[PDB]
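Have a look at the structure below before the remarks.
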Amino acid sequence: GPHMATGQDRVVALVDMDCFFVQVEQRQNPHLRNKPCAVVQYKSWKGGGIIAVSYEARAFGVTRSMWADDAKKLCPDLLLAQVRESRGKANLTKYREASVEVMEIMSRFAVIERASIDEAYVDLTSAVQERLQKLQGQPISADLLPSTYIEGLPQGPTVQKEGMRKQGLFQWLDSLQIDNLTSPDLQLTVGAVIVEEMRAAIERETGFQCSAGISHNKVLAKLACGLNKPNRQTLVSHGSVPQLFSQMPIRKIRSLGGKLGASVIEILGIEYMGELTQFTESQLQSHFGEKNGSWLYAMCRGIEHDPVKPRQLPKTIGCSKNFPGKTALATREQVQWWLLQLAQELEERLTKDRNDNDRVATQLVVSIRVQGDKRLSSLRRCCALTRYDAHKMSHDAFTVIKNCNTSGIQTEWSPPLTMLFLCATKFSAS
DNA sequence: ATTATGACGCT
DNA sequence: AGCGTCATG
Ligand SMILES: [Mn+2]
Ligand SMILES: [Mn+2]
Ligand SMILES: [Mn+2]
């Protein structure tokens, strides 16, 4: 009753750029705007691998992970932009720099947690309190929410998309008790007003469109963000969770799309998140562990406590390249040359990071895959990172991995290497 | 032969 | 520390 906590204390948003790398290329090249287009890495093998797809191209069935030659079978007029190549490898600097543009705008509204190159969580609880005390009981006008969907509405007793959006928003705003400065539904609504302002600022100042979710925690905000893309935002209220989850496949919730979610489905004999409510917390902990079990028990009721961490910058800076098949590295000269290429890119990114962010990495992690190993990383080893020098970094990486060469001769490398990875970690204030 | 990352949990 | 899982631009 009055003591069963409901996880409605916070207002959390998730802002995610629409087809981010495509928008970066469309800003640069106006000929790609409002076109089916995709961004690719490399070109020789099957036209390159697609990593981002405009919504026009998605309508034709084009997806990430598709080879461009196959995409062109679905969409013959598909336009392609290629990721820059530097030192023999894909270079994603343009998109990291665009990401920083967006993150700096978001940070003007609230402290953010960078979750990926194109998305960030926002804790809006305090900004919402401020805007509410500024409003002093004045209701919220639909005009302040021009791109907002209210999940679950309209309901109860026009055949256009925008018309339904407005119908749902009108039902929501009529139901609102705008006199209660502590009503969670009102708090979410003001949160959505702020997120409209943040998304307007991002588009005005960068040209980039985004979507967003507003709810009481990170998982619901992420899920909400996906419900109405592109260029829209969605409010998922605490009350909307039972209906939403009653037909939600377990795999759609962040962290359940892999082996654990498959085991929830198989062990419990269920398919939808709502079905988790029938198990006790101890039952779920017995199957899935203390932490997972408690998390599932609360999450299926809409409750999750993971904080929005104050972290705008990545914790690690890394450089990786695969060498599939005939391109696998089979000589020590090859291995050394590619370690040097990766280390030169790493040095350049690290030096810029130290100037921009007043910090230095102190640990170098070297990861490799040997041909014939199914695991994505065959071996991972750390060493000290004491100088931002690519030649020293690559020599140290070689020292750390040279024991893996099973070749009797030192000129050859066996089994050949199918991936190299250098990662700088353990940052300290400079 | 989706590839280039990056966060985080486990032991 | 090194390995596994999850996400996916
Ligand atoms: Mn996105
Ligand atoms: Mn994203
Ligand atoms: Mn995506």
Side-chain angles (χ1 to χ4, degrees), chain A residues 6 8 10-18 55 106 109-110 121-125 127-204 209-248 252 302:
Chain A
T6 69
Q8 289 176 281
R10 301 179 288 151
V11 181
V12 173
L14 182 272
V15 179
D16 187 284
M17 312 304 300
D18 304 323
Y55 281 79
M106 296 182 60
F109 294 80
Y121 295 94
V122 202
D123 195 311
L124 293 168
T125 310
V128 158
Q129 291 305 108
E130 253 62 56
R131 187 67 48 77
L132 270 171
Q133 84 184 346
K134 223 163 57 194
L135 293 174
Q136 303 134 314
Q138 165 167 100
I140 313 201
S141 158
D143 285 338
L144 297 184
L145 294 164
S147 64
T148 293
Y149 281 78
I150 309 297
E151 173 59 27
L153 297 181
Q155 70 143 17
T158 57
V159 295
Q160 37 163 139
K161 169 53 138 200
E162 173 68 11
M164 307 271 291
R165 183 198 74 81
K166 286 204 117 313
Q167 285 177 207
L169 179 60
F170 173 83
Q171 295 189 353
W172 174 256
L173 292 176
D174 301 325
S175 161
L176 262 193
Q177 188 176 356
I178 64 84
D179 293 344
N180 181 8
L181 291 123
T182 61
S183 170
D185 288 349
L186 177 59
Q187 289 170 349
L188 292 185
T189 304
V190 177
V193 172
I194 294 167
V195 174
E196 293 274 14
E197 294 165 357
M198 297 249 301
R199 293 177 48 250
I202 292 170
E203 184 172 12
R204 185 187 79 79
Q209 288 182 351
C210 56
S211 298
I214 305 97
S215 191
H216 288 298
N217 54 62
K218 292 165 77 180
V219 166
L220 288 184
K222 179 61 174 173
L223 182 62
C225 182
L227 292 178
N228 295 284
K229 275 195 157 256
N231 197 32
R232 297 287 185 268
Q233 52 182 67
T234 306
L235 186 164
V236 161
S237 64
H238 183 76
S240 75
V241 171
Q243 289 218 249
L244 180 61
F245 277 9
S246 73
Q247 291 191 101
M248 211 30 80
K252 302 295 217 163

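The figures that follow rest on heavy atoms only: side chains count, while hydrogens, waters and symmetry mates do not. Per chain, numbering begins at 1; letters A, B, ... match sequence-line order.
- Residue-environment remark: CD (A/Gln247) stays at or below the threshold of 12 foreign heavy atoms within 6.0 Å.
- Take A/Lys222 and apply the salt bridge (charged side-chain N to carboxylate O under 4.0 Å, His left out) test, not counting sequence neighbours, and it matches A/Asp16, A/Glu119.
- Under a cut-off of 6.0 angstrom, the local environment of NZ in A/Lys252 is sparse, with at most 12 non-hydrogen atoms contributed by other residues, nucleotides or ligands.
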For a quick test of your reading: what N or O donor-acceptor pairs under 3.5 Å do the side chains of residues 173-186 of chain A make, sequence neighbours left out?
unit_1, atom_1, unit_2, atom_2, d
A/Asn180, OD1, A/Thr182, N, 3.1
A/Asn180, OD1, A/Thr182, OG1, 2.7

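- Around CD of A/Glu203, the count of heavy atoms belonging to other residues, nucleotides or ligands within 6.0 Å exceeds 12.
- Sequence neighbours left out, the pairs with a member in residues 129-147 of chain A that pass salt bridge (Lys or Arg N to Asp or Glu O under 4.0 Å) are A/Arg131-A/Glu197.
- Scanning for side-chain hydrogen bond (donor to acceptor under 3.5 Å, both in side chains) contacts around A/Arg10 gives an empty result, with sequence neighbours left out.
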task = Any chance you could lay out the side chain to side chain contact (heavy atoms under 4.5 Å, CB included) test for A/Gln8 and A/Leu188, step after step, and finish with the verdict?
result = CA-CA 9 Å; A/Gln8 289 176 281; A/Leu188 292 185; over 6 Å; no
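- Heavy atoms only, all atoms of each residue included: A/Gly191 and A/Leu124 are closest at O-CD1, 3.9 Å.
- A donor-acceptor pair under 3.5 Å is absent between the side-chain atoms of A/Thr234 and the main chain of A/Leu227, judged by distance alone.
- Atoms CD1 and OG1, on A/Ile194 and A/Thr189 in that order, are 11.0 Å from each other to the nearest 0.5 Å.
- Between the side chain of A/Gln187 and the main chain of A/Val11, no donor-acceptor pair closer than 3.5 Å is present.
- If you take CD on A/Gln129 and OG1 on A/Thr125, they are separated by 8.0 Å, rounding to the nearest 0.5 Å.
- Checked by atom type and distance alone, the side chain of A/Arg165 pairs as donor or acceptor with a backbone atom of A/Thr148 at under 3.5 Å.
- Here the closest non-hydrogen pair linking A/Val236 and A/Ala224 is CG2-CB, 3.4 Å.
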Under 3.5 Å, which donor-acceptor pairs do the side chains of residues 150-161 of chain A form with other protein atoms, sequence neighbours left out?
unit_1, atom_1, unit_2, atom_2, d
A/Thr158, OG1, A/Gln167, OE1, 2.5

* **CA sep, side-chain torsions, deciding dist, call: A/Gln233, A/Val15, side chain to side chain contact (heavy atoms under 4.5 Å, CB included)** => CA-CA 9 Å; A/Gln233 52 182 67; A/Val15 179; over 6 Å; no
Next on the checklist: A/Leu145 vs A/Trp172, test: side chain to side chain contact (heavy atoms under 4.5 Å, CB included). Steps then yes/no.
Outcome noted: CA-CA 11 Å; A/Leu145 294 164; A/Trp172 174 256; 5.7 Å; no
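- For the pair A/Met248 and A/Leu223, the minimum side-chain heavy-atom distance is below 4.5 Å.
- For the side chain to side chain contact (heavy atoms under 4.5 Å, CB included) test, residues two or more places apart in sequence or in another chain that qualify with A/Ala221 are A/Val12, A/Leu14.
- The shortest heavy-atom contact between A/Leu135 and A/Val190 is CD1-CG2, 4.4 Å.
- How far CG of A/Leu235 is from CG of A/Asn228: 11.5 Å, rounded to the nearest 0.5 Å.
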Using side chain to side chain donor-acceptor pair (under 3.5 Å), reason through A/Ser211 and A/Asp18 one step at a time and then give a plain yes or no. CA-CA 7 Å; A/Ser211 298; A/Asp18 304 323; 2.9 Å; yes
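- Side chain of A/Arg232 to main chain of A/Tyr149: no donor-acceptor pair is present (N/O by atom type, distance under 3.5 Å, no hydrogens or angles).
- Applying the 6.0 Å contact sphere to OH of A/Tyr55 captures more than 12 heavy atoms from other residues, nucleotides or ligands.
- Distance check: A/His238 NE2 to A/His216 NE2 gives 7.5 Å after rounding to the nearest 0.5 Å.
- Shown here for A/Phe109 and A/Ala127, the closest heavy-atom pair between the two residues is O-CB, 4.4 Å.
- The two residues A/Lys166 and A/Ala142 have their closest heavy-atom pair at NZ-CB, 4.1 Å.
- A/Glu196 has its side chain within reach of A/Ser147: a pair of non-hydrogen atoms, C-beta onward, lies under 4.5 Å apart.
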